[PDB]
Structure formats: structure tokens, C-alpha cells
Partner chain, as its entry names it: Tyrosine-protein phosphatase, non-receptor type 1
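Single chain ahead, written as C-alpha cells, the form solved without its partner chain.
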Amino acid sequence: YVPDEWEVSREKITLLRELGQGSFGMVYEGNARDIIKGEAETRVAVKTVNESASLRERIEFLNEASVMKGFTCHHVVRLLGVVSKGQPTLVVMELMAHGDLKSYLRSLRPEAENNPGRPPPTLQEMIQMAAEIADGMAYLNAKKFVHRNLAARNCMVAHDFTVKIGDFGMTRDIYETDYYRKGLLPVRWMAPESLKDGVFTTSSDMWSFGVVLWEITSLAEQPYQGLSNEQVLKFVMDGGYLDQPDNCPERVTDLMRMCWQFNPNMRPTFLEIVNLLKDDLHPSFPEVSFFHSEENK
């Protein structure tokens, strides 16, 4: 790692509270002073790497930040700055003020003690979420990333309820092996060919996308609840897939069934999902999407 214009002074960052454990260590909510032009102060998420990490891991932490330097998508959580001089090393992100998509959906259940007094997501809101997630994933696919970790908990929710992909889903290649499958990669979100032969492609991400939609419409229940990890592996490898949540919108169901095609070739691409959903989204969508951008080539 070598510093550049992404270097941000430590003293600019004030930390406010722990948000939770990220893949590398504790993530914090904070404030950053003069980190974006036209803004005195910016609400940030600050990633850290925890004490127990090897030097190799510490370098891997910064390399992840390095990769996000080349991402400018409204529907992927963006990097704001890096504090690399001295320890602790800090990776500064746009804050996603409504948390991960899984916890956000759980807050919307009838029986949630942390319920914001708002109704569960409308069909309209759900479709918007889908196109947003799909647009972020399309960007990553164009950048040549296979995510491998698409799940509601890995997607974030902004202040204005925009949903973004938290990261490019960076995993060491070893976690793709049969030992770890049957590990950091979640078997309840995995395509049958990934489960079978460790094939991870943009098509297997589409399968995981379908599970996200299932999480959206079940308000983040656990996929295949009542089955063990061994039972899911077989069930899914034999041609099985999730039942539709009670009174799930038919439009979302049709989207999930497209994703859960056994033959990867028969599944949609992320651009195709955005295309399928594009004609009834928020008027701001074309202005911010990768789909409608000059970069979508």
C-alpha cells in the first residue's frame, strides 16, 4: 500500500459508537470533518482491523480499500478516505444510517421492539430495493467481480432508504473449497452448481439475489428454517428451492423463480433485472443508476 489523495488526516475523524463486527474488525459510526467538498462534516462508517489480525490480514484490509477506489456507483457503498499512517488503520465509508438490510427488515416485523412505527415494505418499495440491489450488482459484474456473499445482511440501507451493496464481497479463494462449503460463504444463499462443484459466477450471484428477495418478502426469516446445513445442501442440489412467504407479491415471486432456475444459463443477468423493473421506479433512478449511465456499455 502507498498513500495518495485518498489519505485523510486522523484528527478529522471522530468516532461515536460501535456498529458491529465487519469482516476485518469493529465498524464504528463517526463524523468526518471536511472530507467531501461542499460539506463541513459527513456521517461516516469507519472500518477497523482488530488486534488479533496478522500483518497479512492488516495488508488485506488496506487492499480492500484500494479496490473500492475504482468504484463510483450510487448503488455500491462508497469509500470516502483512508487513514494509513500509524495504527490503528482506518477505512472511512459513506455511513448507511439504516444499517444492514437484514436488521432493517427485522425492525419492520409486527413484534419488533425496535419498530420505527412504519408499515412493512410496500410492493413499490420492494421493487425499488430490487432494482437498486440489481443495479449495484450489475456494476460489480461489469467491474468483473463475483460477489459470492450476496445476502440481506451484506446490503446496506441509506438515510433516504436507498439500498446499496456493502462491498465487492471479498473472500480468500480457499473458502470456495468443499471443506468450507459443506465457512465464511453462506450455504443457504448458494446456487446448486456452487454447492456441487464450487462454481461461483455472476449467475450464482443471481441465485443469491433471489434469496435476498425472499428475505425482503419474509422480512428476513432464515432461509430453509427447520432444515440443517446438510439438509439444505441436498434439498437445493436435487432441484429444490424456497417456498413463497405468506401473501408475497406475485411479481416478486416471478423474480425469485427466474433466479432459482437450476440451469445457470436460464437465469437473468443483473442488467436484465433492472431492465425488467425500470419503468416504475423513482424519477431519480435514471439520474443515479449504472444502468442508465454512459459507463453501461
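Numbering follows the first chain given and starts at 1.
In what follows, reference is made to the form deposited with its partner chain bound, a form of this protein that is not presented.
In the deposited complex, its partner chain sits within 4.5 Å of a heavy atom belonging to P119.
By the criterion of a heavy atom within 4.5 Å, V288 is counted among the residues contacting its partner chain in the deposited complex. In the deposited complex, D238 stays away from its partner chain, with no heavy atom inside 4.5 Å. Contact check for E39: a non-hydrogen atom falls within 4.5 Å of its partner chain in the deposited complex. Residues from 270-289 that approach its partner chain in the deposited complex with a non-hydrogen atom closer than or equal to 4.5 Å are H282, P283, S284, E287, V288, in the order they occur in the chain.
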